[PDB]
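Chemist: My questions will all concern the structure given below.
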Amino acid sequence: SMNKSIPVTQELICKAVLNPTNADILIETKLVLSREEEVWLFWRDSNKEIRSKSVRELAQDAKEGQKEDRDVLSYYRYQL
């Protein structure tokens with residue numbers, strides 16, 4: 001609501017969005033560290049294949065003009 005919660009609908013959406021968390025990857029992005037350290041992210045394309053790519057690689061591809069990279073970054077920001 002206007003800078004508030006009204007948690008009744010909040011707990012509905014919280015319970016609901018965790019059912020497609022069991023079926024997690026809509027293209028929902030998961031964050032895993034390198035374990036040298038770097039941040040990698042995982043998502044599944046339309047043809048249902050898992051893809052991985054570094055965040056800096058995404059940044060440089062966006063600066064290079066990749067439409068799928070644009071889509072992935074926009075989806076990631078909106079998910080955040």
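Ligands are numbered from 1 in the order shown, residues from 1 within each chain, and chains are lettered A, B, ... in the order they appear in the structure tokens.
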Considering only strand (DSSP E) as DSSP defines it on the backbone, what residues of stretch 21-71 of chain A qualify? List them as a list in words.

Modeler: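 Assigned to strand (DSSP E), within stretch 21-71 of chain A: residues 30, 31, 32, 33, 39, 40, 41, 42, 43, 44, 50, 51, 52, 53 and 54 of chain A.
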
Chemist: Using DSSP on the backbone, list every residue of chain A that comes out as helix (DSSP H, G or I), and give them as a VMD selection string.

Modeler: chain A and resid 7 to 17 19 to 22 55 to 64 67 to 79

Chemist: Save out the residues we just selected, N, CA, C and O atoms, as a short mmCIF file (atom, residue, chain, number, x, y, z; two decimals), in the first residue's frame.

Modeler:
```
data_model
loop_
_atom_site.label_atom_id
_atom_site.label_comp_id
_atom_site.auth_asym_id
_atom_site.auth_seq_id
_atom_site.Cartn_x
_atom_site.Cartn_y
_atom_site.Cartn_z
N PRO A 7 -0.51 -6.83 5.75
CA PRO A 7 0.12 -8.12 5.48
C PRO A 7 -0.82 -9.23 5.04
O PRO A 7 -0.35 -10.33 4.75
N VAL A 8 -2.14 -8.99 4.99
CA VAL A 8 -3.06 -10.05 4.60
C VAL A 8 -2.76 -10.50 3.17
O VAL A 8 -2.57 -11.69 2.91
N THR A 9 -2.68 -9.55 2.24
CA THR A 9 -2.33 -9.91 0.87
C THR A 9 -0.84 -10.23 0.75
O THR A 9 -0.45 -10.99 -0.15
N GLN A 10 -0.02 -9.67 1.63
CA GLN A 10 1.41 -9.96 1.59
C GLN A 10 1.69 -11.43 1.86
O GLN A 10 2.53 -12.04 1.20
N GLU A 11 0.99 -12.03 2.82
CA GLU A 11 1.24 -13.44 3.09
C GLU A 11 0.62 -14.34 2.02
O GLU A 11 1.18 -15.40 1.73
N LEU A 12 -0.49 -13.93 1.40
CA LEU A 12 -0.96 -14.64 0.21
C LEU A 12 0.09 -14.67 -0.88
O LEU A 12 0.40 -15.73 -1.43
N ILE A 13 0.65 -13.51 -1.23
CA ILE A 13 1.62 -13.48 -2.32
C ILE A 13 2.90 -14.22 -1.92
O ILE A 13 3.54 -14.88 -2.75
N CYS A 14 3.28 -14.13 -0.64
CA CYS A 14 4.47 -14.85 -0.17
C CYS A 14 4.28 -16.36 -0.29
O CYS A 14 5.18 -17.07 -0.77
N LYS A 15 3.13 -16.87 0.14
CA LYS A 15 2.87 -18.30 0.00
C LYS A 15 2.75 -18.70 -1.46
O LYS A 15 3.21 -19.78 -1.86
N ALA A 16 2.15 -17.84 -2.29
CA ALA A 16 1.90 -18.20 -3.68
C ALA A 16 3.18 -18.26 -4.48
O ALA A 16 3.42 -19.23 -5.22
N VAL A 17 4.04 -17.24 -4.36
CA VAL A 17 5.23 -17.17 -5.21
C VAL A 17 6.24 -18.25 -4.85
O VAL A 17 7.15 -18.54 -5.64
N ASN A 19 5.37 -21.38 -4.53
CA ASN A 19 4.96 -22.60 -5.21
C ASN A 19 5.66 -22.71 -6.57
O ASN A 19 6.14 -23.80 -6.92
N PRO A 20 5.76 -21.64 -7.36
CA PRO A 20 6.73 -21.62 -8.46
C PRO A 20 8.16 -21.39 -8.03
O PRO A 20 9.00 -21.06 -8.88
N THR A 21 8.46 -21.49 -6.74
CA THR A 21 9.83 -21.65 -6.27
C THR A 21 10.21 -23.12 -6.16
O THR A 21 11.38 -23.47 -6.33
N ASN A 22 9.23 -23.98 -5.87
CA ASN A 22 9.44 -25.41 -6.05
C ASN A 22 9.70 -25.72 -7.52
O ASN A 22 10.60 -26.50 -7.85
N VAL A 55 28.14 -11.69 -13.81
CA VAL A 55 27.47 -10.40 -13.80
C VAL A 55 28.25 -9.37 -14.62
O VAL A 55 27.66 -8.54 -15.32
N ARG A 56 29.58 -9.41 -14.55
CA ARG A 56 30.38 -8.50 -15.36
C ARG A 56 30.23 -8.81 -16.84
O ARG A 56 30.22 -7.90 -17.68
N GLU A 57 30.13 -10.10 -17.18
CA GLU A 57 29.85 -10.48 -18.56
C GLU A 57 28.52 -9.91 -19.02
O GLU A 57 28.39 -9.42 -20.15
N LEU A 58 27.51 -9.95 -18.15
CA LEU A 58 26.22 -9.35 -18.49
C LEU A 58 26.35 -7.85 -18.69
O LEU A 58 25.76 -7.29 -19.63
N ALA A 59 27.12 -7.18 -17.84
CA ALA A 59 27.29 -5.73 -17.97
C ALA A 59 27.95 -5.37 -19.29
O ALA A 59 27.50 -4.46 -20.00
N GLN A 60 29.02 -6.09 -19.65
CA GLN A 60 29.70 -5.78 -20.90
C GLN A 60 28.85 -6.13 -22.11
O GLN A 60 28.89 -5.42 -23.12
N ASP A 61 28.07 -7.22 -22.04
CA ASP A 61 27.16 -7.54 -23.14
C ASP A 61 26.08 -6.47 -23.30
O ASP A 61 25.72 -6.11 -24.42
N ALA A 62 25.55 -5.96 -22.18
CA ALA A 62 24.58 -4.87 -22.25
C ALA A 62 25.20 -3.63 -22.88
O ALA A 62 24.58 -2.97 -23.71
N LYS A 63 26.44 -3.31 -22.49
CA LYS A 63 27.14 -2.20 -23.12
C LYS A 63 27.43 -2.48 -24.59
O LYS A 63 27.65 -1.53 -25.36
N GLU A 64 27.45 -3.75 -24.99
CA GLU A 64 27.70 -4.13 -26.37
C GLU A 64 26.44 -4.26 -27.21
O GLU A 64 26.54 -4.44 -28.43
N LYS A 67 20.25 -8.02 -26.95
CA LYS A 67 18.85 -7.87 -26.56
C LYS A 67 18.46 -8.86 -25.46
O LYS A 67 17.75 -8.50 -24.51
N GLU A 68 18.91 -10.11 -25.58
CA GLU A 68 18.64 -11.09 -24.53
C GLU A 68 19.28 -10.67 -23.21
O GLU A 68 18.71 -10.88 -22.13
N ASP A 69 20.47 -10.07 -23.28
CA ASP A 69 21.11 -9.56 -22.07
C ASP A 69 20.30 -8.42 -21.46
O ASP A 69 20.16 -8.33 -20.23
N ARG A 70 19.75 -7.54 -22.31
CA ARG A 70 18.83 -6.52 -21.83
C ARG A 70 17.65 -7.14 -21.10
O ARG A 70 17.29 -6.70 -20.00
N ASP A 71 17.05 -8.17 -21.69
CA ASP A 71 15.90 -8.82 -21.07
C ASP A 71 16.28 -9.43 -19.73
O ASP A 71 15.53 -9.31 -18.75
N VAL A 72 17.43 -10.10 -19.66
CA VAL A 72 17.84 -10.76 -18.43
C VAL A 72 18.08 -9.73 -17.33
O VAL A 72 17.63 -9.91 -16.19
N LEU A 73 18.78 -8.64 -17.65
CA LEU A 73 19.02 -7.61 -16.63
C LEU A 73 17.72 -6.96 -16.17
O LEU A 73 17.55 -6.71 -14.97
N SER A 74 16.81 -6.67 -17.10
CA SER A 74 15.54 -6.07 -16.70
C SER A 74 14.75 -7.01 -15.80
O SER A 74 14.21 -6.58 -14.76
N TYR A 75 14.69 -8.29 -16.16
CA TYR A 75 13.98 -9.26 -15.33
C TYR A 75 14.62 -9.37 -13.95
O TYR A 75 13.92 -9.45 -12.94
N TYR A 76 15.95 -9.35 -13.90
CA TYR A 76 16.65 -9.44 -12.62
C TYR A 76 16.34 -8.24 -11.74
O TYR A 76 16.06 -8.39 -10.54
N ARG A 77 16.38 -7.03 -12.31
CA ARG A 77 16.09 -5.83 -11.52
C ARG A 77 14.66 -5.84 -11.02
O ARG A 77 14.39 -5.49 -9.86
N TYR A 78 13.71 -6.23 -11.87
CA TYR A 78 12.31 -6.25 -11.45
C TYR A 78 12.08 -7.32 -10.39
O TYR A 78 11.27 -7.12 -9.47
N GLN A 79 12.78 -8.45 -10.49
CA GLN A 79 12.70 -9.47 -9.45
C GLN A 79 13.23 -8.94 -8.13
O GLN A 79 12.67 -9.23 -7.07
#
```

Chemist: Excluding stretch 44-50 of chain A and any residue of its chain fewer than 4 positions from it, enumerate the residues within 9 Å of it, using only C-alpha atoms, and give them as a PyMOL selection string.

Modeler: chain A and resi 25-29

Chemist: Go ahead and compute the interatomic distance for atom CA of residue A:18 and atom CA of residue A:37, in Å to one decimal.

Modeler: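 These two atoms are separated by 29.2 Å.
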
Chemist: Find the distance between atom CA of residue A:65 and atom CA of residue A:24 and write it in Å to one decimal.

Modeler: 28.3 Å
